[PDB]
């Protein structure tokens, strides 16, 4: 399997990167060492002070990783397992560093270490994919690294705010990012537990990990895309980036100092920088080993690969189904030539879809995997770039054509949208994911200004346009203004009546929207109808309310008589309290003559009742 990368910065930059990387390695050495201590005993497993130190190393590795390729120009032709990230990162809407994009992949450091000449024999590992023990929401951690966010990466487990961890969703709400339906589904699990592993998120949603994750860019769909959407909209805090670079090297010393102290809880001899420098390779070789077991065991239980092949893959791909699952068939067979295609299609869902649901050849599917990794990766790419690749001879016809048909199918599925209107939209706005996002942001004029995009298109594309526009008198401009101001139909429906008037809605329009025509019979004006619609569900409910309650913060006793349909004869004798109660209980009045003659002891000798 091929890893490689070439440096293109100046000689100063070369040394800057070497020092950062080597400090990342030193930081990651602490992560390995602390993981080692944690499984010396179940007592060590549950040492929270040890866990806090483990986490501190994770943080510092992140910070150092964020600093790789600060100017986003120092590396080129970054190959990880044969796939060239230079070209892919360039096609993303937010571009960025091929180096850091590489580092977010397991064993991506391999590629970067070659460009910085750090000899692979010393295993200069930097990994930034911790899940269960990560002090930040794991996907966030990874996206911060890809976007080089030295500033946002905390350098201390104390410094980690809830909004980047246990209450991560707060951070999402602060930046008014559009969330699609896949993502809202993913959040529902992350809300239960932000440290749910991705293959679990995928298994419950009935998706591949690639689908759960998406591309690491705003214009995709998935937890990575979501976090990118948020993170890019956070101002770079150049100040705090300075604090973090200034402080972290000595914090690392201090972490290593704390590692000695703690290690004496579980070991005869301290765990020192020299010790980890010596055992690093051995520690890593052993973890790889029990991950080959666990993983090769899963390749049989879940996917059903013949035992001897399942171990081959397990070894070849560092014990990672994520890794295996995103590897092309040609590369998979290169290292395990015993493997069969139905077996490859079992673990690599992208390969499976491309073959079985788009009739692609394995070579052609490999081509698309290599360039884009997943379907999400195809949909993150501008249509016209895919055309360019086809024309420039860097993409075969069958791959190219499948790519087009995937992009078009995301829009033609939406009733009203034909192929040339879909095709046009992709030209106007780049890719299908970016088209959808404009619809969720309610950019109705922007979309409409494309040929073939009519009311029927707008209906099926823009959430809540269907609802507002089907009310007479509400024009397109208004529908956009309303949707944008309040955040979608449901939120517009929830708006106050006073402020909807200010927005220029006729009272008829407001009445239909909240569907309180029946309540406005019962009560004079719109506003009180709405007040009554909030607390109580319907008119139906308001009538049933106790006589005291209606009377209280309400209006007349005659009005309460009319509201509950209390007959003249029953109203003329008893007081309301007991009249509306007898009616509630028996319904007719003929029936009211079920209870005995002068059990009707209340008021006059009203004989017409018996």
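Residue numbers count along the first chain shown, from 1.
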| property | result |
| --- | --- |
| Entry-level comparison of average CA B-factors, 511 to 519 and 276 to 284, reporting the higher stretch | 511 to 519 |
| Average Cα temperature factor in the PDB entry - higher stretch of 191 to 199, 523 to 531 | 523 to 531 |
| Selection by C-alpha B-factor (highest) of 27, 32, 576, 53 | 576 |
| Peak C-alpha temperature factor (PDB record), options 172, 160, 474, 115 | 474 |
| Residue 217, C-alpha B-factor rank within chain (lowest, middle or highest third) | lowest |
| Third of the chain's Cα B-factor distribution that residue 586 belongs to, per the entry | highest |
| Entry-reported Cα temperature factor of residue 14, expressed as the chain third it lands in | middle |
| Ranked C-alpha temperature factor of residue 182 among modelled chain residues, by third | middle |
| CA B-factor placement of residue 57, once the chain's modelled residues are sorted into thirds | lowest |
